[PDB]
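Visitor: Provided herewith is a single structure, encoded as structure tokens, for subsequent inquiry.
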Amino acid sequence: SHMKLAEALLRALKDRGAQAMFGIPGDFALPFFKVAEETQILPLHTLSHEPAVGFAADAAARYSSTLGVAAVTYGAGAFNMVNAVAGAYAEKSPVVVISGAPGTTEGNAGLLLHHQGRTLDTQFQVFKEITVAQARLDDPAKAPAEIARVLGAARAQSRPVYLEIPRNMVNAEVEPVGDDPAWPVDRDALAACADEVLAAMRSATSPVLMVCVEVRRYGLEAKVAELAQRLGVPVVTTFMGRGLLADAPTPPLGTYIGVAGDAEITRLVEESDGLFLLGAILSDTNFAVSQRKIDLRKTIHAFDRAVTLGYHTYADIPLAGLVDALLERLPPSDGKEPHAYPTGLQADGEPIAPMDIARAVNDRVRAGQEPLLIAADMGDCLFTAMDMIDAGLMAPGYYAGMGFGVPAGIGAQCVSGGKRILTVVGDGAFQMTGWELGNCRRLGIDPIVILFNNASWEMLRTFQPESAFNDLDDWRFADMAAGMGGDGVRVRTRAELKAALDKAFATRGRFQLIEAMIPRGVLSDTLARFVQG
Amino acid sequence: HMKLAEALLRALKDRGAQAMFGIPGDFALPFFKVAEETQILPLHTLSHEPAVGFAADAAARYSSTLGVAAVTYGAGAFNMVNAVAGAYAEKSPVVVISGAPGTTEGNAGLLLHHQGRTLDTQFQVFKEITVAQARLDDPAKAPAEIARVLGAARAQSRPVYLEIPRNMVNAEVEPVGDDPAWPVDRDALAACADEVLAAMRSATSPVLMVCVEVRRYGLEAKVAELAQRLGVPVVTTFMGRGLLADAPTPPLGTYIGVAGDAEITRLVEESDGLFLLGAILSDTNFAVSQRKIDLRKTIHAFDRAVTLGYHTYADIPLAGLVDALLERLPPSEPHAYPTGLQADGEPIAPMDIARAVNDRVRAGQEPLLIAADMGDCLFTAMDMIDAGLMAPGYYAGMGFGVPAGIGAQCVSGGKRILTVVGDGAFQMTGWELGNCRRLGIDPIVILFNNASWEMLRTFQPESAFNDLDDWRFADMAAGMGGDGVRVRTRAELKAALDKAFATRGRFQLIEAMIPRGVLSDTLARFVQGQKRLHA
Amino acid sequence: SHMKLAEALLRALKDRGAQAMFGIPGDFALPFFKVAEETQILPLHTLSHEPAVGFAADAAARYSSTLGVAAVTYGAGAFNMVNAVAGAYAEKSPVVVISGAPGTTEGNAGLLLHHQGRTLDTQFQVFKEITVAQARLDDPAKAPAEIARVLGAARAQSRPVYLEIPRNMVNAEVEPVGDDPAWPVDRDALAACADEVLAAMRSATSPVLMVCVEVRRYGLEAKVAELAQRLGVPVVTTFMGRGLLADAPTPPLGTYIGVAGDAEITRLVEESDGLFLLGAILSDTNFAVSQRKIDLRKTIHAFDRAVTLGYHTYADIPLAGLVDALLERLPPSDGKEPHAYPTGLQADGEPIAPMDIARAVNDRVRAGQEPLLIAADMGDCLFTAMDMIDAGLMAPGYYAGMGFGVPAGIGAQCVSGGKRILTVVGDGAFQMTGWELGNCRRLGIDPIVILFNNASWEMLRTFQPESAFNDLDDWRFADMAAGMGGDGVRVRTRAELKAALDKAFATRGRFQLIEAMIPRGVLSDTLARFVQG
Ligand SMILES: Cc1ncc(Cc2csc(CCOP(=O)(O)OP(=O)(O)O)c2C)c(N)n1
Ligand SMILES: Cc1ncc(Cc2csc(CCOP(=O)(O)OP(=O)(O)O)c2C)c(N)n1
Ligand SMILES: Cc1ncc(Cc2csc(CCOP(=O)(O)OP(=O)(O)O)c2C)c(N)n1
Ligand SMILES: O=C(O)C(=O)CCCc1ccccc1
Ligand SMILES: O=C(O)C(=O)CCCc1ccccc1
Ligand SMILES: O=C(O)C(=O)CCCc1ccccc1
Ligand SMILES: O=C(O)C(=O)CCCc1ccccc1
Ligand SMILES: O=C(O)C(=O)CCCc1ccccc1
Ligand SMILES: O=C(O)C(=O)CCCc1ccccc1
Ligand SMILES: [Mg+2]
Ligand SMILES: [Mg+2]
Ligand SMILES: [Mg+2]
């Protein structure tokens, strides 16, 4: 039994948990989008600009701890997604990039083809720098094995992969795609590693379990919550890891942000003699903000299929394998006070400050509203989100690339089964990708978006306030919402903010944009310290 | 300031280099002129480039320092790729210095003799067989580049490549300073040593297995001391034959699995504390099976790393680990050598040669360092008493033997070298002996002549191509300035060896006629083991 | 119908004209040598050291204008042939390098394998720098096509190629090797090129046809002799091209060597307004010796499948295609005096000088002896050979790598069908590879070798006479000849030289080594000028 290549790929993706395919077509990709649309194997969602295709697919992958799918056309499409994919690579999100391409017999007539780079292979070379595996599906006989190998790499390494499909191969007959190639694990090495880790955590006086991205990438949040419970150790997330263990009976104590975070959490972390960095990205965003210099060599670090502690490394140790191995050595368990969330918004005629937004959101939850998953862009919106009650959070906490927010909220809500997403984004970032909200009506989603409008690239002003180029105009985003099919309202007072948030939650059917005017110079408590240090 | 070429020679001497082996060519004449005129390093010329590399390799192994091989562009350098690949494989810091076109040559629309596809082709090839490279085409950066490159050769103990454009030889530069420092984390080192020491003390039958890095980094005395303080026996790998030759308590023997002494093999393979010190994990050192060694259960220190208990400590120099272990330790039945050569009218077998050599040592002769080529000559040397031994026990490239013996004796301050080599290998590089007179050396060379590539016959006896002609090597010795004698009986063998040892001034070639089909038991069992492995 | 891979390769080589296979085995190459020996598809000739395997195969390829074959083992064998292959690449000789290698399943047991470089692929990477095409025959299904592609490249480009054969693939079943892939030629471009070339040669007042290596590499000597005849133009060879058109009714006028060659030939060449460089290597050895600077841009240059003239280039123009195209535009023809050969040896008690050797050889030919093909090493032996009457000549006239001589003479005589080869070589070069003569008895050849013994690397002394490292000992090569199965005689007087040469020609059955003692400082007329300028 054979099937068409494109159909075999779509089915292989669905078999691996992909829930949708985001994309923007082009002539080279038309045959492929046709198969996607007509077969309906994966729900096809189009967007306006490719960066959003990349971010939405990344968000979908983060939301479901599975493969995200982003389909584009040759050159103009793919090169326009390099930044979003570089970001997914950095934050370990398995985005499957599928690009259309000239057919295997094209480009031999002495003519250059629209969308090609210096050579026809230039695009492939560029994507090799931002993906962990690649394949040009130009040989039907090899396609099934290549798809399995590439998709297998994305799942094992939890990073983007690249598939280039010559258009004349879309309907080529192939055999069904088999299973991912297996990645061997030495059981004796895993046993030794787990034994050493457990002994180190057990000998520490003040052990701390610090969770980061891989914990959700490999679907280990529940097991890790159980591990901490069994070890009797507190859990704190890294900055990038904000949003992890949101459903654990015992939530993490808080998020470590060094001099910019809660003093007690910072103290617990930096003075720990048993700091277990579980699935952590060793980024400046997660650790350069330390008050006391943190000797990374004295921590236990599990990441990228390896575990390092005691100045040595155990290679080929999958995080899931380690977590299971530790749980197997721990009997079931037969507590520090968590960092308090800002609450008590004063809904009066006073101006809006970032913390007021955090209080407004937290107050509704405390009043009975089930928290919403939060999608944050990079800016003070993210540093503010750090003080918000969430049902998970996705943000570019390491790559720090702006534009992520609105498209991520869109991608997440496309696969959320009816659950609304709360998006926080600044005016700078909204000018980049907030416009994608114009697609909500067709996609059938109604995210609530809180836009922090300080008519400025404020994070940059804070870094270098003397400069004038960080000044932005006052765009009337709420006024422009209607043009995009959503409900927009500009709020200037804390009372208007509270009222706005209430109506947005009471109004489904279309995206709700709450444009919160914030004076320049007014920051979140977290961001101030992050720079004031 | 000083001339770039002189600055490099002084930098080499500063690091212990003792000589410069080489063959000139037009692109290298200016460099060879500086070397000859400054006399910073004695300049020894040979006949063919493979020998230049082998000799430089041997000198480096002999003094645990840098070896120096100078050649000309293309025809010189490419002809040394094999010797350098072998030095890389066997961790010998050979500094390859090649002449090259001047920085302003090759721009008149003409291809230059000796160039590869492009002028940079040679450089690209050498990147594959060296750990560091530099084209000294900028006087201002030359001192620092020389320091970086020579520093890498010392730290990694592997060959490096220096390409010197002709017009830069006499360019003015500042003196060369010290090697860049390779930082070592003291906390990591302490933890590494603590784990290793604990593992060795926990074992009921610990074994110290020494290999090349032990000599490369000048650690033989310290390792011998280490074995004594730990109270553990020392055995060498096949490649490591010759190590700890003058230790108060020499190694018990050399591990060769099914091909070596059964007691040594049992000790190694049954050990629950096998410490592979500076060991190359090659098929030659370990595939000689018997009982599969789980390498993951050993302690392996090699290439500036230490692996045990399924994990690795990076950036841990072997020397640092040995010193760290000694700092944690308070001060605190050898395999017999075959003897009794029967000086009679029977034919000569490989073992008879080992008995002849060993009998002399037991009679009072201080052992000589042995230089061996690849062939049954090496497997036979495993049973000889030596004052050290150098052989291509891993790379296994033929031609190493004679040139290595020559290179070693050039830097041995008077000590004579014994070389063992087969007829096949001698046909490749034995001719370099014609350089002995000019070099002022007189090595003793025992040529195993069976008119055959016998090791290959053993692997595939049905083939006719392993049958070689009978070359009269002893008869050709005079033409090269040496004394040769062909021997066929054990009695002639004994007489020739005594005569050779009692005759200085000219190399002594003893051509021992060994019958085809006659091979050392070690080689026979080695090959039989290999055949079953790949069955 | 299928056959074993090794057998298919050997047959593919024979189908392309290969006449023998030179090699030295090793364990990784044993299975392959077994097939070669037992099938006898290609006569198998072994040598002592790999450099000779490379040189002999190169010489065989030059001798028959076909593929040469050199078989070695992994690492120790192959890396030992890099220099000879670099030389074949430089002088455009299609040497097929076949190396044994570990089987496809070896090297996965945690152990390094004897003969490997840094990695198992290190050797392959190195050979890519000195060959025009490569293939590891590790896939039976692809092997036939890969062999055809690689062998096809060697023949089209006339340069070495590399084939790596994992030992477990030697007897793998494969389909027979098909034809070489075709290399397209634009007929309109060839027509335009030929028309322009013909017009330029026709408009020149003093046109000259200068032949070089490609003329024999592509078997065009006879057609090129006819072309010169039809154009009515004199032919001169480049230095590298010495030996070309040896059988043409009208031999070339001589060999161009600038200030070091004949003044009249140098004048004709450098003052030519129609200099056609046919198949020429633009090397310093061929043109840096010019008295008057030669503006290469004003010549017509056909080489590497292209033709350049009038400041422009015609790509993809095969030399054979151009020669045929020119002949097609020239009607059959319905003469300058050649450079005279040195003759009249005075066979007395005087000492030997290089020119005396040239006179001795030339005198026997003039007296009735059919000239012999000459194999020359690099040294004054080559500069002397420039004045010898030959039936072709092979020498490293561009790469200039020593060691070429004896092995080249050996390789050539192995495929010469009984014709003896005359080899000229210096003491320096003989110390490197002259020992290969010990194989003559088993190979069944009896070359005549004239060894120029000046106990010195004289060419280098001439370049820098103040140095002492160019001094060599006096090796008794004639005395060592017997040990190698040949007849050696040392000659010191011109009378002994003449006598020696006569006996050597009268003695077949074993190689004849005539060791001619030459005082240091005594050079060929050609070499002196080559430096004295
Ligand atoms: C794609 C990209 N281009 C530029 C930048 C550099 C940047 C980091 S933060 C910032 C200003 C963001 O202004 P915004 O109004 O969105 O939020 P806020 O600072 O709180 O006022 C910029 C331009 C990044 N990170 N990504
Ligand atoms: C440069 C190179 N080319 C080929 C080979 C392959 C080989 C390994 S063993 C052997 C035969 C050696 O014959 P020899 O007479 O020297 O000693 P013996 O076997 O005891 O009779 C060959 C050709 C190697 N290792 N290196
Ligand atoms: C493989 C290689 N290594 C070094 C060199 C450099 C060289 C070019 S010419 C020469 C001296 C040759 O002495 P020979 O006795 O053979 O003939 P003659 O000069 O007339 O006395 C050398 C060393 C080359 N070209 N190739
Ligand atoms: O579809 C796309 O991606 C395009 O940009 C269309 C560009 C127009 C176009 C140019 C050349 C051939 C076919 C179409
Ligand atoms: O990957 C990120 O963006 C993070 O902040 C880690 C938490 C991700 C996340 C948690 C819960 C639901 C969806 C996503
Ligand atoms: O010295 C060497 O290495 C040689 O090969 C000499 C080749 C002769 C030579 C050719 C072109 C320029 C200069 C010299
Ligand atoms: O490197 C080799 O070839 C070995 O066999 C290891 C021992 C080397 C060696 C020991 C003693 C003196 C000189 C050299
Ligand atoms: O045959 C060759 O090329 C050799 O060098 C033989 C080296 C000895 C050898 C080592 C490891 C496995 C099998 C044999
Ligand atoms: O390729 C070379 O070495 C040359 O000198 C060109 C002539 C080659 C050559 C001519 C005649 C018979 C055999 C070979
Ligand atoms: Mg802003
Ligand atoms: Mg032999
Ligand atoms: Mg000479």
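FYI, nothing fancy with the structure tokens labels: chains A, B, ... in order, residues from 1 per chain, ligands from 1 as they appear.
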Please identify every polymer residue within 6 Å of ligand 9, using only C-alpha atoms and all ligand atoms, and present the set as JSON, numbers by chain.

Guide: {"C": [62, 63, 213, 240, 241, 242, 243, 244, 392, 393, 394, 395]}

Visitor: Store the residues picked out above in a file with N, CA, C and O atoms, as a compact mmCIF listing (two decimals), in the first residue's frame.

Guide:
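result-v1.txt was written with the following content:
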# COMPACT_ATOMS: atom_id res chain seq x y z
N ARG C 62 49.97 7.14 -18.72
CA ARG C 62 50.59 8.02 -19.69
C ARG C 62 50.98 7.26 -20.95
O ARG C 62 50.79 7.74 -22.07
N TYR C 63 51.52 6.06 -20.74
CA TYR C 63 51.99 5.20 -21.82
C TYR C 63 50.86 4.85 -22.79
O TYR C 63 51.01 4.99 -24.01
N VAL C 213 50.72 18.29 -22.46
CA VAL C 213 50.12 17.03 -22.01
C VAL C 213 48.77 16.56 -22.52
O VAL C 213 48.64 15.40 -22.90
N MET C 240 57.10 20.50 -20.16
CA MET C 240 56.34 19.35 -19.67
C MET C 240 56.00 18.42 -20.84
O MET C 240 56.00 17.20 -20.70
N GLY C 241 55.73 19.03 -22.00
CA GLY C 241 55.33 18.29 -23.19
C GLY C 241 56.42 17.58 -23.95
O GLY C 241 56.17 17.00 -25.01
N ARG C 242 57.65 17.61 -23.43
CA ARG C 242 58.75 16.91 -24.08
C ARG C 242 58.34 15.45 -24.29
O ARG C 242 57.79 14.81 -23.37
N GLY C 243 58.57 14.92 -25.49
CA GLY C 243 58.21 13.54 -25.75
C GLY C 243 56.98 13.40 -26.63
O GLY C 243 56.69 12.32 -27.13
N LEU C 244 56.24 14.50 -26.81
CA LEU C 244 55.03 14.48 -27.63
C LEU C 244 55.37 14.45 -29.13
O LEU C 244 56.41 14.96 -29.55
N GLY C 392 59.17 8.87 -27.11
CA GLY C 392 58.25 9.35 -26.10
C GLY C 392 59.04 9.57 -24.82
O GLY C 392 60.14 9.03 -24.65
N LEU C 393 58.49 10.38 -23.91
CA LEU C 393 59.17 10.62 -22.65
C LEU C 393 58.15 10.92 -21.57
O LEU C 393 57.16 11.58 -21.82
N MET C 394 58.38 10.38 -20.38
CA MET C 394 57.49 10.69 -19.28
C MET C 394 58.34 11.19 -18.13
O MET C 394 59.36 10.60 -17.78
N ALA C 395 57.92 12.31 -17.56
CA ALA C 395 58.66 12.93 -16.47
C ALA C 395 57.77 13.87 -15.72
O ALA C 395 56.77 14.36 -16.27

Visitor: For range 105-119 of chain C, please output as a VMD selection string all residues within 6 Å (counting only C-alpha atoms; exclusion window: fewer than 2 positions along the same chain).

Guide: (chain B and resid 281 to 283 394 to 395) or (chain C and resid 75 to 76 102 to 103 121 to 122)

Visitor: Do me a favour and pick out the residues of chain B within 12 Å of chain A, using only C-alpha atoms, as a list in words.

Guide: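 Every residue meeting the condition is included here: residues 184, 185, 186, 187, 188, 189, 190, 191, 192, 193, 194, 195, 294, 296, 297, 305, 306, 307, 308, 309, 310, 311, 312, 313, 314, 315 and 316 of chain B.
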
Visitor: Around ligand 12, at most 12 Å away and counting only C-alpha atoms and all ligand atoms, which residues are there? Put them as an mmCIF file with C-alpha atoms, in the first residue's frame, please.

Guide:
data_model
loop_
_atom_site.group_PDB
_atom_site.id
_atom_site.type_symbol
_atom_site.label_atom_id
_atom_site.label_comp_id
_atom_site.auth_asym_id
_atom_site.auth_seq_id
_atom_site.Cartn_x
_atom_site.Cartn_y
_atom_site.Cartn_z
ATOM 1 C CA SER B 47 67.163 10.230 1.676
ATOM 2 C CA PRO C 354 75.706 14.969 -18.567
ATOM 3 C CA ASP C 377 63.006 11.590 -12.595
ATOM 4 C CA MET C 378 63.344 15.234 -11.560
ATOM 5 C CA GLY C 379 66.957 16.433 -11.452
ATOM 6 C CA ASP C 380 69.631 17.193 -14.030
ATOM 7 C CA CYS C 381 68.680 13.817 -15.501
ATOM 8 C CA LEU C 382 65.531 15.474 -16.869
ATOM 9 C CA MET C 402 61.396 13.245 -7.221
ATOM 10 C CA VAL C 424 67.501 8.373 -16.308
ATOM 11 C CA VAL C 425 67.671 9.274 -12.622
ATOM 12 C CA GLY C 426 70.021 11.020 -10.180
ATOM 13 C CA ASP C 427 71.573 9.638 -6.994
ATOM 14 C CA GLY C 428 69.222 11.695 -4.814
ATOM 15 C CA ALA C 429 66.106 10.333 -6.552
ATOM 16 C CA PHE C 430 67.479 6.760 -6.723
ATOM 17 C CA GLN C 431 67.888 6.722 -2.925
ATOM 18 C CA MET C 432 64.157 7.418 -2.752
ATOM 19 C CA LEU C 451 72.026 6.710 -12.850
ATOM 20 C CA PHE C 452 73.637 10.156 -12.690
ATOM 21 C CA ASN C 453 75.769 9.896 -9.566
ATOM 22 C CA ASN C 454 77.292 13.185 -8.489
ATOM 23 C CA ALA C 455 76.937 12.338 -4.764
ATOM 24 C CA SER C 456 74.807 15.425 -4.450
ATOM 25 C CA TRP C 457 71.424 17.076 -4.739
ATOM 26 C CA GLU C 458 73.071 19.134 -7.490
ATOM 27 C CA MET C 459 70.042 21.085 -8.676
ATOM 28 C CA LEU C 460 69.794 22.514 -5.164
ATOM 29 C CA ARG C 461 73.525 23.269 -4.913
ATOM 30 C CA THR C 462 73.205 25.218 -8.178
ATOM 31 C CA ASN C 470 73.302 19.398 -0.363
ATOM 32 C CA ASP C 471 76.396 17.215 -0.061
ATOM 33 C CA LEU C 472 75.673 13.492 -0.287
ATOM 34 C CA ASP C 473 77.823 10.420 0.287
ATOM 35 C CA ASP C 474 79.003 8.235 -2.578
ATOM 36 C CA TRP C 475 76.605 5.273 -2.546
ATOM 37 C CA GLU C 515 75.998 4.147 -12.675
ATOM 38 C CA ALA C 516 77.662 7.162 -14.275
ATOM 39 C CA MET C 517 79.953 9.033 -11.915
ATOM 40 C CA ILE C 518 79.677 12.748 -12.610
ATOM 41 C CA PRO C 519 81.736 15.376 -10.797
ATOM 42 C CA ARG C 520 79.864 17.881 -8.654
ATOM 43 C CA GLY C 521 79.408 21.180 -10.482
ATOM 44 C CA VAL C 522 79.177 19.478 -13.876
ATOM 45 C CA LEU C 523 75.732 20.084 -15.390
#

Visitor: Please indicate the distance in Å from CA of residue 45 in chain C to CA of residue 216 in chain C, rounded to one decimal place.

Guide: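 About the pair CA of residue 45 in chain C and CA of residue 216 in chain C: they are 24.5 Å apart.
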
Visitor: Write out as number ranges by chain the residues lying within 7 Å of range 420-428 of chain B, counting only C-alpha atoms and excluding same-chain residues fewer than 3 positions away.

Guide: B: 371-373, 375, 377, 398-399, 401, 445-453; C: 48-49

Visitor: Would you mind telling me which residue in B:24, B:16, B:93, B:159 lies nearest to ligand 6 when using only C-alpha atoms and all ligand atoms?

Guide: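 Distance minimum relative to ligand 6 lands on B:24.
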
Visitor: I'd like the contact shell of range 468-484 of chain B - 7 Å cut-off, only C-alpha atoms, skipping same-chain residues fewer than 4 positions apart - returned as a list in words.

Guide: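 Final neighbour list, sorted by chain and number: residues 433, 434, 437, 451, 452, 506, 507, 508, 509, 510 and 511 of chain B; 475, 476, 477, 479, 480, 483 and 484 of chain C.
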
Visitor: Using the selection just defined, write its residues with C-alpha atoms as a PDB file, in the first residue's frame.

Guide:
ATOM      1  CA  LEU B 433      70.909   3.328   6.550  1.00  0.00           C
ATOM      2  CA  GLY B 434      73.041   4.760   3.754  1.00  0.00           C
ATOM      3  CA  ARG B 437      78.086   7.600   8.117  1.00  0.00           C
ATOM      4  CA  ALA B 451      61.039 -13.360   1.140  1.00  0.00           C
ATOM      5  CA  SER B 452      57.452 -12.692   2.101  1.00  0.00           C
ATOM      6  CA  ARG B 506      79.382   1.472  10.754  1.00  0.00           C
ATOM      7  CA  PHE B 507      75.800   0.262  11.000  1.00  0.00           C
ATOM      8  CA  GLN B 508      75.647  -3.499  11.406  1.00  0.00           C
ATOM      9  CA  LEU B 509      73.073  -5.337   9.330  1.00  0.00           C
ATOM     10  CA  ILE B 510      72.300  -8.893  10.375  1.00  0.00           C
ATOM     11  CA  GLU B 511      70.084 -10.462   7.727  1.00  0.00           C
TER      12      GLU B 511
ATOM     13  CA  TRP C 475      76.605   5.273  -2.546  1.00  0.00           C
ATOM     14  CA  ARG C 476      77.876   2.292  -4.539  1.00  0.00           C
ATOM     15  CA  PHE C 477      74.696   1.707  -6.544  1.00  0.00           C
ATOM     16  CA  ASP C 479      77.638  -2.728  -6.379  1.00  0.00           C
ATOM     17  CA  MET C 480      74.149  -2.957  -4.871  1.00  0.00           C
ATOM     18  CA  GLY C 483      71.444  -7.752  -4.522  1.00  0.00           C
ATOM     19  CA  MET C 484      68.325  -6.624  -6.396  1.00  0.00           C
TER      20      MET C 484
END

Visitor: Within range 94-334 of chain C, find each residue whose DSSP state, derived from the backbone, is helix (DSSP H, G or I), and express the selection as a compact mmCIF listing (two decimals) with C-alpha atoms, in the first residue's frame.

Guide:
# COMPACT_ATOMS: atom_id res chain seq x y z
CA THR C 122 39.71 11.29 7.34
CA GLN C 123 41.30 9.45 4.43
CA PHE C 124 38.34 10.19 2.15
CA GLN C 125 38.57 13.91 3.04
CA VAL C 126 42.27 13.97 2.24
CA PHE C 127 41.82 12.29 -1.15
CA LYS C 128 39.09 14.79 -2.11
CA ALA C 143 27.82 1.01 -6.84
CA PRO C 144 27.48 0.51 -10.62
CA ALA C 145 26.34 4.08 -11.17
CA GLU C 146 28.99 5.47 -8.80
CA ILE C 147 31.77 3.52 -10.52
CA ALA C 148 30.64 4.78 -13.95
CA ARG C 149 30.43 8.35 -12.67
CA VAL C 150 33.86 8.27 -11.05
CA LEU C 151 35.64 6.47 -13.89
CA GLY C 152 33.83 8.75 -16.32
CA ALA C 153 35.19 11.81 -14.53
CA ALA C 154 38.73 10.43 -14.62
CA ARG C 155 38.53 9.95 -18.39
CA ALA C 156 36.84 13.27 -19.15
CA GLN C 157 39.06 15.37 -16.92
CA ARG C 167 36.06 -4.93 2.68
CA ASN C 168 32.66 -6.51 3.31
CA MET C 169 31.50 -5.02 -0.04
CA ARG C 187 27.99 22.19 -31.22
CA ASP C 188 27.29 25.86 -32.03
CA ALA C 189 29.86 26.98 -29.44
CA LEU C 190 32.45 24.51 -30.73
CA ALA C 191 31.82 25.76 -34.28
CA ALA C 192 32.23 29.40 -33.23
CA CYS C 193 35.36 28.64 -31.21
CA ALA C 194 37.01 26.70 -34.07
CA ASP C 195 36.15 29.44 -36.56
CA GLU C 196 37.73 32.13 -34.35
CA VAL C 197 40.84 30.03 -33.62
CA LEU C 198 41.37 29.21 -37.30
CA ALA C 199 40.98 32.89 -38.26
CA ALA C 200 43.52 33.94 -35.61
CA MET C 201 46.09 31.37 -36.70
CA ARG C 202 45.50 32.36 -40.31
CA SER C 203 45.93 36.07 -39.65
CA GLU C 214 46.45 16.98 -22.99
CA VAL C 215 47.50 16.23 -26.57
CA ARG C 216 48.54 12.76 -25.48
CA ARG C 217 46.09 12.42 -22.59
CA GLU C 221 49.04 13.28 -31.23
CA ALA C 222 48.39 11.96 -34.75
CA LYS C 223 45.53 14.39 -35.41
CA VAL C 224 47.56 17.29 -34.04
CA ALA C 225 50.52 16.38 -36.24
CA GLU C 226 48.03 16.48 -39.14
CA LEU C 227 46.59 19.81 -37.95
CA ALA C 228 50.02 21.48 -37.95
CA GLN C 229 50.68 20.02 -41.40
CA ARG C 230 47.40 21.44 -42.71
CA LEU C 231 47.96 24.86 -41.11
CA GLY C 258 62.98 30.03 -22.55
CA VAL C 259 66.46 31.24 -21.66
CA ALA C 260 67.47 27.63 -20.97
CA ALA C 263 67.79 30.40 -28.82
CA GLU C 264 65.98 30.01 -32.14
CA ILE C 265 63.07 28.05 -30.68
CA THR C 266 62.88 30.56 -27.85
CA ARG C 267 62.82 33.40 -30.39
CA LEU C 268 60.15 31.79 -32.56
CA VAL C 269 57.93 31.19 -29.54
CA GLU C 270 58.25 34.51 -27.76
CA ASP C 284 56.34 28.28 -14.05
CA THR C 285 58.26 25.27 -15.38
CA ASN C 286 56.80 25.85 -18.85
CA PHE C 287 56.75 29.67 -18.95
CA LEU C 296 49.53 34.80 -21.92
CA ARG C 297 46.46 36.89 -22.66
CA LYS C 298 47.58 37.20 -26.29
CA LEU C 319 40.28 19.38 -26.79
CA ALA C 320 39.46 16.46 -29.09
CA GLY C 321 36.30 18.24 -30.24
CA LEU C 322 38.28 21.36 -31.04
CA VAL C 323 41.00 19.47 -32.91
CA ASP C 324 38.44 17.56 -35.00
CA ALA C 325 36.54 20.81 -35.66
CA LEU C 326 39.67 22.54 -36.91
CA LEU C 327 40.65 19.63 -39.17
CA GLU C 328 37.15 19.69 -40.65

Visitor: Taking only range 230-356 of chain A into account, list the residues labelled strand (DSSP E or B) by DSSP (computed from the backbone), as a list in words.

Guide: residues 235, 236, 237, 254, 255, 274, 275, 276, 277, 278, 300, 301, 302, 303, 306, 307, 308, 309, 312, 313, 314 and 351 of chain A

Visitor: Export, as a compact mmCIF listing (two decimals), in the first residue's frame, the selected residues with C-alpha atoms.

Guide:
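So out_38.txt came out as:
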# COMPACT_ATOMS: atom_id res chain seq x y z
CA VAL A 235 10.55 23.92 43.33
CA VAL A 236 11.37 27.22 41.67
CA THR A 237 11.22 27.94 37.95
CA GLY A 254 8.12 31.13 42.56
CA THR A 255 10.40 32.17 39.69
CA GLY A 274 21.82 21.15 46.16
CA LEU A 275 20.68 23.17 43.16
CA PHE A 276 19.22 20.77 40.60
CA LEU A 277 18.79 22.62 37.28
CA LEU A 278 16.19 20.36 35.66
CA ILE A 300 23.37 19.42 38.95
CA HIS A 301 22.37 20.20 35.36
CA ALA A 302 20.24 17.92 33.18
CA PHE A 303 19.77 19.28 29.64
CA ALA A 306 23.08 14.82 29.27
CA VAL A 307 23.59 15.29 32.99
CA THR A 308 26.45 17.19 34.56
CA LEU A 309 27.42 17.28 38.22
CA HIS A 312 31.69 15.35 35.16
CA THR A 313 29.15 14.55 32.48
CA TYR A 314 26.92 11.56 31.77
CA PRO A 351 -3.43 56.32 35.98
